[PDB]
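A.B. asks: Mind looking over this structure? Questions follow.
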Amino acid sequence: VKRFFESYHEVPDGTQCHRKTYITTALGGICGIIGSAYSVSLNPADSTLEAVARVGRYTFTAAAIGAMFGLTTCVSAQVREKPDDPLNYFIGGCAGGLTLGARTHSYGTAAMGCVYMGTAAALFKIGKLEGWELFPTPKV
Amino acid sequence: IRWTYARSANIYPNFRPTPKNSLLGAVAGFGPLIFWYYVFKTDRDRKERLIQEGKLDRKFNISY
Amino acid sequence: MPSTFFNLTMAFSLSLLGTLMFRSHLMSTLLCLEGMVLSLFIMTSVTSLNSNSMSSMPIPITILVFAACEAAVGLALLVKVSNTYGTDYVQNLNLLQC
Amino acid sequence: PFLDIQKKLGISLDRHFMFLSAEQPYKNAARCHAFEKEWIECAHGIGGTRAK
Amino acid sequence: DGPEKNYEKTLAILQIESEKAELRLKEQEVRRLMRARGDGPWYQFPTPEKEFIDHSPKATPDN
Amino acid sequence: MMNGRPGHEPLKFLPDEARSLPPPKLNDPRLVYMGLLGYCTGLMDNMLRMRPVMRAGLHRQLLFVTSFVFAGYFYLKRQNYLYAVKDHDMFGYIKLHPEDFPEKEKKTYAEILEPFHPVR
Amino acid sequence: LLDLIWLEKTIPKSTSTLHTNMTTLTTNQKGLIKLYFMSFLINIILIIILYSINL
Amino acid sequence: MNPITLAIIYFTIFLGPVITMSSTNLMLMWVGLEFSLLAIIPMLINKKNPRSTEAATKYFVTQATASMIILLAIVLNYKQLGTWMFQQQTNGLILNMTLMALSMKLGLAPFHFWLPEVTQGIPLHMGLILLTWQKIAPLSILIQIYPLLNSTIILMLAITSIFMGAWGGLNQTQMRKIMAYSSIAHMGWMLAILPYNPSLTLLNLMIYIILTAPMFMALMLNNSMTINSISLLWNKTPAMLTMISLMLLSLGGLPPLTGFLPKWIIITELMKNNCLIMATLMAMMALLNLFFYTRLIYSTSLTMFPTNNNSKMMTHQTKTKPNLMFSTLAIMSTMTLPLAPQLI
Amino acid sequence: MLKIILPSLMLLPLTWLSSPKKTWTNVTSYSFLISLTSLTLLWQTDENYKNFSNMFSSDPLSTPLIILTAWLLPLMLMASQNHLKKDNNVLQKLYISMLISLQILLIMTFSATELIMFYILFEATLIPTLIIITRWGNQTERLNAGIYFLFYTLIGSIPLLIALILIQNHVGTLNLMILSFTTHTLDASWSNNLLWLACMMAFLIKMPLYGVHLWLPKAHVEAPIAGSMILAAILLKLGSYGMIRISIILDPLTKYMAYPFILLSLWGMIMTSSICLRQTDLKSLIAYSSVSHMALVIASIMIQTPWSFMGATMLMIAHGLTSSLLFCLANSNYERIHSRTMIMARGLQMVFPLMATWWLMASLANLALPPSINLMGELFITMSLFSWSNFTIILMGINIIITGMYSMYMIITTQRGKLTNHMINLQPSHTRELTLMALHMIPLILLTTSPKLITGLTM
Amino acid sequence: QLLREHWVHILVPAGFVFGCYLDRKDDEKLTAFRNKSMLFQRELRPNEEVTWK
Ligand SMILES: CCCCCCCCCCCCO[C@@H]1O[C@H](CO)[C@@H](O[C@H]2O[C@H](CO)[C@@H](O)[C@H](O)[C@H]2O)[C@H](O)[C@H]1O
Ligand SMILES: CCCCCCCCCCCCO[C@@H]1O[C@H](CO)[C@@H](O[C@H]2O[C@H](CO)[C@@H](O)[C@H](O)[C@H]2O)[C@H](O)[C@H]1O
C-alpha cells in the first residue's frame, strides 16, 4: 500500500532510522526494477541468464543507492541537532552518488552523481517544508 | 605558433584528473574563498555586535 | 451479466497482451488484433441486449465493418512485406533503425 | 464536440442516439428510461461541475 | 515643456499600471472560484442534451 | 473557458453583440504591423523565386498587404469582442458574489510597523 | 590548473558529457517492433499500477 | 496514383479528422480515427520500396492497437453510463486508458519509438501530413474531455516526452528523424498544458504546425534529408538560408521569435496553477532543442560547407518550386510576437 | 524615446536602399546624428525621472547607457569598414543590418519599463551577437565560442523567466515603478532564497562571475572587432543594469545572500588580473581585464551603498569606453600582422608614433589614472567595500598593483622594445583607425571634465 | 535625376519627425491628471486652456 511509503514522513528525520532506511531501500529497488525491465525489453541480452543477471545488478545497485541515502540522511539528522535542514538530504544524496560511483567503478560518476543527487534530495526536502506541490490539480 | 597552441588548446585534451590534480585544484580554488569568508564574516559580525550595543561610535560617517 | 463482462474483459486483455508481445509471424499478431475485435463486439452486443437499447445496436455492426476494413489493409501490408523479404517474419522489419 | 458544425447548421447527424432515453424503434423505451430522463433534466442548465 | 508634464504624466502611468495589476489579481481570484464552484459563466463543462429525449407514450406503461 | 458562457452562439465569428463596441481605428499600430508583415512577405516571395526584390510583382505585393490588413481588421475586431466579453463576465460575477471578493480596507503607513533592515 | 582545466571540466564539459551519455543511452534503439511493443506493455503495466496505488 | 484514387484517398484523409471533431458520439470519433488510419497508409506505401513497406507496417500495427484500446474505453463507458460520451462520473481507469491510447496515437513518449522510424521511412510530402494533420483529431478527442483528465499521468507523459525528444534530437543526423523528435517535444508541451487550459494547447498546436509546414516544404525544395545535404543550400539556393535560420531558431523557442510565445504562455499558466517543478524542468530541458537546432543553423546558414563540382549545373538550371504559402507561413510564424495578445 | 527608436529602425531601410558606393557613408553619418538626437535624454532638470509612455522610460541610470549605445554604433561601423573590405555587397549590408538591429534592441532594453519587456529584449541580443561571432569570425573555434556564449546565457536566463513569472503572479504587475513603490520585505524561507538566486543568476552570468566567466575569453578571441566592442561595452553591462533594477524587491535577503558572490568577485578579480600577467593573446588579456573590472562592479552592486551604486555606474561607463578602445587598438595591429600573440609584434612605437600615444592613453585609463572616471569609480567602490569590511583593502590593493602591472606590461611588450624589423607589411596608420581611437578617447576626457552626468540614481 | 538615389536621404529625418509626432500622441493619451495633482495643481491663468498641453 502507499501507506508504507507515506510513513517515511510520519516522524521527522533523525528518528526511526531503520524504518526510513527500509523505505528508501524499497523505493530504490522499485526504481531499479523498473529501469531494468525497460533495459531488458529494449536492448536485449544474448542469454536469459544474462538478462536475469542484468535485472539483479540494476535492482541491487538502485537498492544500495536508496539504502545509503536513507541511512546517511537519518544519521546526519540524528548526530547533528537539525532535524529538517536540507543540508542533511544533500549529504544523503551525495552519499548515494558516491555509492553509485563505487558500484560503477568510476570517480567521475561519483562526483557528478554526488552533486546532482544531493541537489535533488535537498530540493525535495525544501519542497516538503515549504509546501511545494508536484503534479498539482487544476486550480486556475 | 607551436608554443601558443601548446599553452592554449592542447591543455585540456592533454589533461587527466589525478589525486594530486584534484586536491590541488579543489584547494587552490575553494580554500582561499573559505578563508576570506571567515575573515569577512567574523569582522562584520563583530561590527554588527558592537553597532547593536552602541559601543561603536560613528562620529562623522555621513556617506557610507 | 457481471461474470460475463468480467470474462469478456479478461479475454480482451489477453488478446491485447498477445498483440503487444510478438512472436515472429506478423499474421499471428493480426489474428490477435482480430480477436480483440471479436471481444469488443461481443461486449457491445451484450450491453445493448441487456439494456434493451435498440438504438445502439447499429453500432456493433459499424465496429465489425471498420474492423474488417482495417484487417483487409493489414493483409495487404502483409502481402507487400512478403513480396519484399520472402517471409512475413517481423525480424526483417528492422531497416529503419538507421 | 470540438467544433459544433451540427448545432451551427441545425442538423442532427449523431446527437439523437447518445443515451438510453432517446427515441427507440417502435417506441420501446430502454431500461431505466425514467431514471435517465430524471438525471438529464436535473443536470440541464447547471454546469457539469455543479451537476456532479 | 517643464516639470508638470513629466510629473503628472507619471501620475497617469501609475494609475494605469496599478489598476491593471489589481484587475489581473482579481482575474486570478475569479477564475479560481468559478473553476472550483461551477457557478459562473466560465468553466461550464457540457452535459448531455435534454431536447433529444423521447417523451411520447411508450409501448410499456411503466417507462 | 469561455465556451460555455450563457448565450454563446456556436461558430459565429463576430456575434451581433459585438457591434456595440468601438470598432478598430484603421490606422491602428496592429493593423499597420499587419501591412508591414504583408509587404515583407511579398518581398520574401520575390527573393525566394529569384526576382527583383522590390521592383517585381507589384500587383502581388499590393494583394499581400491588402489581404493582411483585411484579415487583421476582422480578427482584431473579434479579439476585442472576446476580451470585452471576458471583462463583462468578470465584473458581473464579482458584483454577484460580494462575499467571496470582499473589499480590503487599507491602513495608512503611519500605523504599519514595517521592519527596518540596516544595509551596513 | 583552475581556469583552463578544472572550471571547464566542472561546469561546461561535465554537462556536455552527461548529455552525450544520455543521448547515446536513449537514441540507440535496435529498431524492432517486438521490443518496442514490449516497452509499450511495460507502460501499460506501470499506468495500471499507478492508478491502483494512488486509488 | 490515378486521379480518382487521389481524390478519394485525400478526401478521406480530410474527412476522418473532420468527423472526429464534429462528432458528438464517441463511436463516431473512433470512426474518424479509423478513417485517418486506413486512408493514410496507401499514401505512405506509395513508393513501394523496402523501407516504405516496413514504415507502413509499423504505423499500421501501432495505430490499430491504439484504436482498439480507445474502443475498449468507449465500450466500457457505455457499459457503465448507458451513453456514448465521457461524463464526470465515468470510471477513472477508462479515462486513463483513453489518455494512454491517444498518447500512443499521437506518438508521445514513452510510446514514441514508432514515430521516428515511420517519419524516416516515409517521404517528406507525407511526413508533413503525418506530423501536422494527423494530430488534430486525437488532440481534439482529448480536449473534448479535458476537465476529466489526470494531472499526474498527463504531466508524467509530457515531461517524459520533453526529456526524450530533447535527448533524441542530438544524436540524429537525419532531418526526418530530427523533425520527428521535434514533434515529440512540442506535443509534450501541448499535453502538459492540456488539463489546465486547452486554449493554449490549441495555440501551441497552431504555432507548431505553422512552423513545421514551412520547414518541411523547405526540405522538399531540394529533397534535402541529411545535415550534409542541407549544408549545400548556400550553393543550390542561397536565398532561403535567412528564413531557414529564423525558423529553426523559432522552433527552438528564442524570445524575439514567435516560438517563445507558446512556451512562455504555457509556463505562465502552469505557474498560475502552482506547477513550479514541472514548469522549471520542462523549460530547462527545452534548451537541448535549441542546441540541436543551432547545430543545423551552423551547418546551413552561418558556415559554408564543401560543395561538389556537379552543383554548377543545378545552378545553371532554373527553379520554380517554392510556393506562396512558404513565404506566408514562414514570415507569419517567425515575425508575429508583437501581435501575441491577439493570439491568446 | 520613440524619437530615438524610430530613426534607428529607419537606418535599416537606408542601409538596404542605399547605393553600394554610398551605403557606408550614409549609415555612418545618420548613425552619428541619431547619437546626437539621443542627448535629449540629458535634460533632466528635476528629480522626477522621465517616463515617455506606458512602455518606455529613462532614468539617471539608463540615460548614460542609452547614450553610450547610440555612440558605439558609428564607431562599430568604422571598425568594421575594413575587415569587410572584400565581401559581397549583400553580405556587407547584412553585417550593417546586424549592428543596427543590435543598437535598436539594446536601446529598447535599457529603456524598458516592464521586466518582461526586459527579459525578451535582453535575450533577443543573443541572435545578432551569435551571428556576428559565428559568421564573420576568423578562426575555426568561433562555432564553439558561439555555443558557449549562447548557452551560458540561456541557462542563466530560464530561471530568470520562472522567477519573473512568480513575481508577476504574486504582485500583479511587473512595471518597475510599481514594484519600487509597493515593494515589501521578503522572509528568509528556503523558497525565497531560491528565488533570490533565480532572479540574480542570469545577470550574474552576464556579468561573468569568477566561476562562470569562461565564455568571455572564448567569445572575444573568436569574435570580430565590432562584436567584441559591442559585447564588452554594452552586453556585459546588461547584467549590471538588470541587477540594479531588480534588487529593489529582493530585500532584505541580500544581507546574507551576497556573501558568496561578494567573495567570488573579490577573489576572482585577483585571480583574473593575475592571469593577465602571463597570457600570450592580446585579445584574451583585454578580456580578462574586463572580467576583473566586472568583478569589482558586482561586489559594489551586491553591497548596495550609495557609493557602491554610483561608483559602479561610473565604472560601468568608463570600462565600456576603455575596453572598446583597447580592442580597437589590438584589432588595428591584427589587421596588419594577422596574429593575436602579444610577443610577436614589438617596438611598434618606432613605426606608429601616434597610435603609440593612443595606446598609452588607453593603458592609463585601464590602470585607473586620476582624475579619470575609471579611477573615480574604482576609488568609490573601494570606499564602499572598505566600509562594508575594513579587510577588503588587502584584496583591493593587490588587485590595484596587478592591474597597473599588466596594463604597463602590454605597453612595454608591444609599443616599446626593438622593432621586429622583419615585419615588412606594417603600414602607416589609417585615418580611419586614428579617428576611431580619437572618438573613443574624447568622450572619456569630456566626461572626466563633467562626471555629474554619469553618476547613478543615488548620487 | 540624382533624386534616383538621393531620395533615400529622407528616410532617417522622416524617422525623427514621425517619432516626435508619435511621442506627442503618447502624451495625448495620458491626459488625466492634467491639472489634478497635489503639487502643481493650480487655477488656470486668464486666457488659458491647457496647463501643459
Ligand atoms: C550554472 C549554469 C550555467 C552553466 C552552463 C554550462 C553549459 C555550457 C554548455 C557548453 C557546451 C558546449 O559543448 C561543447 O561541444 C563541443 C563540440 O564542439 C566540445 O568540443 C570538444 O569535444 C571533445 C572534448 O570532450 C573533443 O573530442 C572535441 O574535439 C572538442 O571539440 C566541447 O568540449 C563542449 O564543451
Ligand atoms: C540542464 C540542461 C542544460 C542543457 C544545456 C547544455 C547543452 C549541452 C549540449 C550537449 C551536447 C554537446 O555536444 C558535444 O559534442 C561534442 C562533439 O561535437 C562531443 O565531443 C565529442 O568529440 C569527439 C567527436 O566529435 C570525440 O572524440 C569525443 O570523445 C566526443 O565526446 C561532446 O561530448 C558533446 O558534449
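Residues are named by chain letter and number: chains run A, B, ... in the order of the C-alpha cells, numbers start at 1 in each chain, and ligands are numbered from 1 in the order shown.
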Residues within 12 Å of residue 70 (chain A), please, as a PyMOL selection string. Count only C-alpha atoms; anything in the same chain fewer than 4 positions from it doesn't count.

C.D. replies: chain A and resi 8+13-28+63-66+74-77+88-96+121

A.B. asks: Sorted by chain and rising residue number, list the residues of chain G at most 12 Å from ligand 1 (counting only C-alpha atoms and all ligand atoms), each with its closest atom pair and distance in Å to one decimal, as a Markdown table.

C.D. replies:
| residue | atom | partner | partner_atom_place_in_ligand_line | distance |
| --- | --- | --- | --- | --- |
| G:5 | CA | ligand 1 | 33 (O) | 11.5 |
| G:7 | CA | ligand 1 | 4 (C) | 10.4 |
| G:8 | CA | ligand 1 | 35 (O) | 7.8 |
| G:9 | CA | ligand 1 | 35 (O) | 8.8 |
| G:10 | CA | ligand 1 | 6 (C) | 9.2 |
| G:11 | CA | ligand 1 | 6 (C) | 5.5 |
| G:12 | CA | ligand 1 | 8 (C) | 4.2 |
| G:13 | CA | ligand 1 | 35 (O) | 4.9 |
| G:14 | CA | ligand 1 | 35 (O) | 8.3 |
| G:15 | CA | ligand 1 | 7 (C) | 6.3 |
| G:16 | CA | ligand 1 | 11 (C) | 5.3 |
| G:17 | CA | ligand 1 | 25 (O) | 7.2 |
| G:18 | CA | ligand 1 | 11 (C) | 10.8 |
| G:19 | CA | ligand 1 | 11 (C) | 9.7 |
| G:20 | CA | ligand 1 | 15 (O) | 9.7 |
| G:21 | CA | ligand 1 | 25 (O) | 11.7 |

A.B. asks: Based on only C-alpha atoms, which of the residues in chain I come within 8 Å of chain A? I want them as a list in words.

C.D. replies: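 Every residue of chain I that passes the 8 Å test is in residues 189, 190 and 191 of chain I.
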
A.B. asks: Atoms to include: N, CA, C and O atoms. Write the selected residues as a compact mmCIF listing (two decimals), in the first residue's frame.

C.D. replies:
# COMPACT_ATOMS: atom_id res chain seq x y z
N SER I 189 12.72 32.32 3.96
CA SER I 189 12.39 30.94 3.65
C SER I 189 13.33 30.41 2.57
O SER I 189 13.93 31.16 1.80
N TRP I 190 13.46 29.09 2.53
CA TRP I 190 14.29 28.47 1.50
C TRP I 190 13.77 28.80 0.11
O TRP I 190 14.55 29.01 -0.82
N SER I 191 12.45 28.84 -0.05
CA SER I 191 11.89 29.19 -1.35
C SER I 191 12.27 30.61 -1.73
O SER I 191 12.58 30.89 -2.90

A.B. asks: Between CA of residue 18 (chain B) and CA of residue 4 (chain G), what distance in Å does the model show, to one decimal?

C.D. replies: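 The value is 15.8 Å.
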
A.B. asks: Taking only C-alpha atoms and all ligand atoms into account, list the residues no farther than 10 Å from ligand 2, as an mmCIF file with C-alpha atoms, in the first residue's frame.

C.D. replies:
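Generated output (pocket26.cif):
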data_model
loop_
_atom_site.group_PDB
_atom_site.id
_atom_site.type_symbol
_atom_site.label_atom_id
_atom_site.label_comp_id
_atom_site.auth_asym_id
_atom_site.auth_seq_id
_atom_site.Cartn_x
_atom_site.Cartn_y
_atom_site.Cartn_z
ATOM 1 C CA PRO B 13 42.939 17.473 -24.428
ATOM 2 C CA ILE G 11 30.766 23.290 -15.439
ATOM 3 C CA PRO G 12 30.718 23.041 -19.275
ATOM 4 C CA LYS G 13 32.340 19.716 -20.063
ATOM 5 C CA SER G 14 30.597 17.750 -17.313
ATOM 6 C CA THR G 15 27.223 18.867 -18.661
ATOM 7 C CA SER G 16 28.264 18.171 -22.238
ATOM 8 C CA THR G 17 29.441 14.696 -21.270
ATOM 9 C CA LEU G 18 26.364 13.775 -19.263
ATOM 10 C CA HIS G 19 24.027 14.830 -22.055
ATOM 11 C CA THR G 20 26.022 12.942 -24.680
ATOM 12 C CA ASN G 21 25.987 9.878 -22.445
ATOM 13 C CA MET G 22 22.223 10.140 -22.093
ATOM 14 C CA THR G 23 21.610 10.617 -25.813
ATOM 15 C CA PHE H 163 13.264 14.849 -21.993
ATOM 16 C CA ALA H 166 15.463 16.662 -26.405
ATOM 17 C CA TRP H 167 17.889 13.788 -25.887
ATOM 18 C CA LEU H 170 21.110 15.416 -30.509
ATOM 19 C CA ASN H 171 22.233 12.052 -31.803
ATOM 20 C CA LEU H 281 12.228 21.164 -15.563
ATOM 21 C CA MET H 282 10.416 21.480 -18.883
ATOM 22 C CA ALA H 283 11.824 24.946 -19.503
ATOM 23 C CA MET H 284 15.328 23.765 -18.650
ATOM 24 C CA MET H 285 15.197 20.709 -20.882
ATOM 25 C CA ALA H 286 13.683 22.628 -23.770
ATOM 26 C CA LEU H 287 17.166 24.047 -24.408
ATOM 27 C CA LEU H 288 18.661 20.888 -25.848
ATOM 28 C CA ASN H 289 16.183 21.627 -28.621
ATOM 29 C CA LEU H 290 17.897 24.935 -29.196
ATOM 30 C CA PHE H 291 21.216 23.122 -29.203
ATOM 31 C CA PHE H 292 20.355 20.591 -31.880
ATOM 32 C CA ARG H 295 23.871 22.812 -34.958
ATOM 33 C CA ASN I 144 32.395 26.648 -30.154
ATOM 34 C CA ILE I 147 27.777 27.867 -28.493
ATOM 35 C CA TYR I 148 29.307 28.806 -25.146
ATOM 36 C CA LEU I 150 24.518 31.315 -26.272
ATOM 37 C CA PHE I 151 24.036 28.571 -23.743
ATOM 38 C CA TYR I 152 25.685 30.082 -20.678
ATOM 39 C CA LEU I 154 20.221 30.791 -21.789
ATOM 40 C CA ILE I 155 20.822 28.521 -18.799
#

A.B. asks: Could the residues of chain F that have an atom at most 10 Å from chain I be listed as a Markdown table, each with its closest atom pair and the distance in Å to one decimal, counting only C-alpha atoms and ordered by chain and ascending residue number?

C.D. replies:
| residue | atom | partner | partner_atom | distance |
| --- | --- | --- | --- | --- |
| F:54 | CA | I:17 | CA | 9.9 |
| F:114 | CA | I:185 | CA | 8.3 |
| F:115 | CA | I:185 | CA | 7.9 |
| F:116 | CA | I:252 | CA | 9.1 |
| F:117 | CA | I:252 | CA | 6.5 |
| F:118 | CA | I:252 | CA | 8.8 |
| F:119 | CA | I:255 | CA | 7.3 |
| F:120 | CA | I:388 | CA | 6.6 |

A.B. asks: State, in Å with one decimal place, the distance from CA of residue 58 (chain A) to CA of residue 33 (chain A).

C.D. replies: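 Spanning CA of residue 58 (chain A) to CA of residue 33 (chain A) is a straight-line distance of 6.8 Å.
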